[PDB]
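To begin, one chain is listed below as structure tokens, in the form deposited in one PDB entry.
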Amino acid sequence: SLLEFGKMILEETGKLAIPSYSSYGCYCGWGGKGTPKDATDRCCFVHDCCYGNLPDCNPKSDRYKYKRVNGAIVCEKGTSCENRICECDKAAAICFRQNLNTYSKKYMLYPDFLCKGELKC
């Protein structure tokens, strides 16, 4: 679920999902169009694609379980949708962590009209 994803994001990065990743660039929080602005935004682009791979799942609301082994996220077995959603979220949280070094506050609340063009998954 979105709330679980947000908790995972905070755990990984020390930033609150809202507002650090809920309106960032062209793809974080509200996706759609444009060339992703930076690596963090590309995390969101891929995450959006990842959810797009699951048209008959409901990642906003469906809850999954995960645990930590060391610092590593391990998705626990639920329904197939839950497993796949968890893997998408895990990847995005790791991706955010991997790209914290280039995160830029100037991309928060990034205006829609600067996000133009389709980019295929």
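The first residue of the sequence shown is number 1, and the count goes up from there.
If you look for the form deposited with a small molecule bound, you will not find it shown, but the lines that follow are about it.
Using a 4.5 Å heavy atom cutoff, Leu2, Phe5 and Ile18 all lie near the small molecule in the entry with it bound. When the small molecule is considered in the entry with it bound, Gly29 lines it closely, a heavy atom lying within 4.5 Å. By the criterion of a heavy atom within 4.5 Å, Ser104 is excluded from the residues contacting the small molecule in the entry with it bound.
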